[PDB]
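First comes the structure, then the notes that go with it.
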Amino acid sequence: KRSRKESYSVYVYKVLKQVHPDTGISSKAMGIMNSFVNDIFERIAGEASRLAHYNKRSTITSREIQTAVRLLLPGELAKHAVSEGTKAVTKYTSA
Amino acid sequence: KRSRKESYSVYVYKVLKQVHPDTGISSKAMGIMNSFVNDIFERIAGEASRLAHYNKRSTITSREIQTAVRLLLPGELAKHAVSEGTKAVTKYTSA
Amino acid sequence: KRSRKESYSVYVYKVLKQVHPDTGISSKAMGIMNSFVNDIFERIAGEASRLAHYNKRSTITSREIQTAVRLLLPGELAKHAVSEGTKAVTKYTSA
Amino acid sequence: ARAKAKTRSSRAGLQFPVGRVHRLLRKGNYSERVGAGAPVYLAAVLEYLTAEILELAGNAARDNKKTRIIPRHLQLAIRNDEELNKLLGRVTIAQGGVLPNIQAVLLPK
Amino acid sequence: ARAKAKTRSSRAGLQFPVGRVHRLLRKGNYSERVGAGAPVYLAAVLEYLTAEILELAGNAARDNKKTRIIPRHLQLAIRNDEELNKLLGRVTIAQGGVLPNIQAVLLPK
Amino acid sequence: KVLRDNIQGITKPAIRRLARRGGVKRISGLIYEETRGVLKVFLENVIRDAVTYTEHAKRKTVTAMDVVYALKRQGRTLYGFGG
Amino acid sequence: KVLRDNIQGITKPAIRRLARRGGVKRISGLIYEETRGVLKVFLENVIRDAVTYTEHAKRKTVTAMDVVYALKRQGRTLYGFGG
Amino acid sequence: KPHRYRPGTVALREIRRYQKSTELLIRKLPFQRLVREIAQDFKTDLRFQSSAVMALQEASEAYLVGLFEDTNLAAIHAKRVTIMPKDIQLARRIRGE
Amino acid sequence: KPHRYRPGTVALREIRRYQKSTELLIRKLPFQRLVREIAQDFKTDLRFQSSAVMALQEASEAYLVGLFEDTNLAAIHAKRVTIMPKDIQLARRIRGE
């Protein structure tokens, strides 16, 4: 009998398959990716909390998430990331 | 009123509005875009019919038009267009 | 046992005996003739297909084929072909 | 009791019309049978092509301080990439002009 | 009970098969429906084309004192006719070679 | 009604402008009538195609879309005037 | 199994023979490697198209009619190979 | 003494001016007269849409500037800067015209 | 003194021979080796019908012959009799490559 520890191995493995059907992965590299996604997620989440705190907003919205994306990610990464997130939230809005 | 002339302008407005919300459009340039999309459509459809003939296949599927895109469209756009098309057909596979 | 493969050997052979009772062929020359007749047939038929597209006619006629011959065949080859085909169409109509 | 009419372009998450292109292949006379994924793939590849060429047109317009695209921007966009030149070697653009290009021996000392 | 079957090529007085070319157009995916006289006309056009090119090939072979046509003779037939060369500038013939053609400055004196 | 001489309507300064668009530094005097001949060849080669489409369409007036077809048949496809 | 340097397999005298058929009487020594490059690029284009056709055929063996399809789609049509 | 540019200076300024520009280079009405003259030689009483004329025009300057770009390349290949009729003949023959 | 022709006379002699001739000019077995070598880069374990290799050989030979006669036209255009690589780049670039 065991208790789970959650991870991002399945999702990174899938997106690896869409970007490269023919490439493999080592598990310690997947641990590196787990730390990567958790670290970036906590950075964006904490910066989002500070942005919500500055303008006295108790609700976290996609607008300040987008603000934090410009805030941390430099330039090219920021503009393209804003683009994919924008089109993604358009499909989610239409859904 | 006059009978409908179907065209590809408003889709170009939507896709540009995703990639550049700010810009404007001149109408003869818009006609140049319609000529582009109709030309590429005819090229790909002719290659699709040719390959369906050569494999003696009655059915136009995504797989041979992928072959046709690898034929006509070169290199970097070819592999990236393959990427977006496979993503799209997998999404439609998930309805 | 193999599957029968289509050819134009007998028709070209009859035409050769019509124009030259005393002359022979090589098999390589006949391969060039099969490629030739298939190529010209493909050219004229596809050209007529897009003419049928352009006038929105879903029926192809010998008028369309004549238009394609005059369009593609340079010089008096076109008008000789029109004369021969016109004679053939008339004596087919009478028969 | 019919379900709500939702669209295949949205089903692929794409802007180009799946239904119109599917119909246009069906009466475009390329086969008697056609698969469902082929118009999806076709709409995707044309959207990608228009997306990249519209990126190039937008950057060309912004570099010339224009907020409206002109065919001169389209010509400058297509001709400044070699791979699109291999895509469009024999294509004429109306009112496009040519690239500013002087042979080096034509220039003075 | 039934009339004697009579070939349509004999009705057109042609050597090329009306029925086969008609079937090829029907499965060649060019139109949904084909008129009756169009394959007859096309077969006549092809028959004239093969007749003239075979006449040229036979004359060229008779120049070479050979009773059977050669791909070399075919290349000589295509390239020594300006109008067929304008028809077929982009074609390649296996084992055909080229015309005897030397530039005048390449000659001595 | 009839016309007999309009090849000279492509004037020598107009040909000079064309050469300046092509990047030509110096233009000989013998160039202009040759360009008139070559242009005449190309325009007749495309307009015979165009008139062929118009007579096949059972129309008397030349339309632009037929001219677009006439250019793309020689693989010189012009964009922007289709449809 | 692996072949490494067959680009110089197109020998210099073969290029001289091709120039003779091309009508060249005098050939520089600096010609052959660029002609190898040009042949190289052309063969890459045609066999890339050929392997694309054959991979659509789901065949491990390249066939002649696929090759001639690749040439006519590249605008260098071949006769005499089952066309 | 009035200012006078050296030969080629105004030519290169013309190069930059006409190459940055997209506006038309052929006077449209003598061209249209030439078009109708050639058209009536093949079928009489032909009528022209203005856009048909325009396309016929855009295509012609496209074809011509393709020839003069080829002509410039072959001329600088010939170690000259002045173009000659044999050069345009060469360009057409290499294109297979 | 042993016999020796002046240069070009021999060259025109095999010009006449090879332009008269019909057979393939390049060696066969290195051509299969080369096509296998380069097709190895796109996909592994390819098998070649000999007819396909011959068709490729004829197409390559004709393409090179057309390129060479175009370079001949370029070389006689430049008032020279010996070809140089810039003739080949010129001919290809006019051709559209």
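Indices start at 1 and increase along the chain as displayed.
Each Cβ is built from the backbone N, Cα and C atoms, and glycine gets one as well.
Among the features that Swiss-Prot reports, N6-crotonyllysine is placed at I:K20. Taken from Swiss-Prot, the feature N6-succinyllysine covers I:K20, I:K43 (among others), and the record attributes it to experimental evidence. Annotation source Swiss-Prot lists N6-glutaryllysine at I:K20, I:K79 (among others), citing experimental evidence. Residues or ranges marked as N6-methyllysine in Swiss-Prot (evidence: experimental evidence): I:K20 (among others). The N6-(beta-hydroxybutyryl)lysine annotation in Swiss-Prot covers I:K20 (among others). Residues or ranges marked as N6-(2-hydroxyisobutyryl)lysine by Swiss-Prot on the basis of experimental evidence: I:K20, I:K86 (among others). The feature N6-lactoyllysine is assigned by Swiss-Prot to I:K43 (among others), with experimental evidence given as support. Annotation source Swiss-Prot lists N6-acetyllysine at I:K79, I:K86 (among others), citing experimental evidence.
Structural mapping of features recorded in Swiss-Prot.
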residue: I:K20; record: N6-crotonyllysine; DSSP class: helix
residue: I:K43; record: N6-succinyllysine; DSSP class: coil
residue: I:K79; record: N6-glutaryllysine; DSSP class: coil
residue: I:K86; record: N6-acetyllysine; DSSP class: helix
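Sequence-distant neighbours of I:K43 (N6-succinyllysine) (same chain, 6+ residues apart, CB-CB distance under 8 A): none. In this structure, of the modified residues I:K20, I:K79, I:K86, the smallest number of CB atoms within 10 A of the CB marks I:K79.
Filtering the modified residues I:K20, I:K43, I:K79, I:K86 for a Cβ under 8 angstroms from any Cβ of chain G leaves I:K43, in order along the sequence. A Cα-Cα distance of 28 Å separates I:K86 (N6-acetyllysine) from I:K20 (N6-crotonyllysine). Using a cut-off of under 8 A between C-beta atoms, the modified residues I:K20, I:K43, I:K79, I:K86 that neighbour chain E are I:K20. The residue listed as 'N6-crotonyllysine' and I:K79 (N6-glutaryllysine) are 27 Å apart (CA-CA, integer value).
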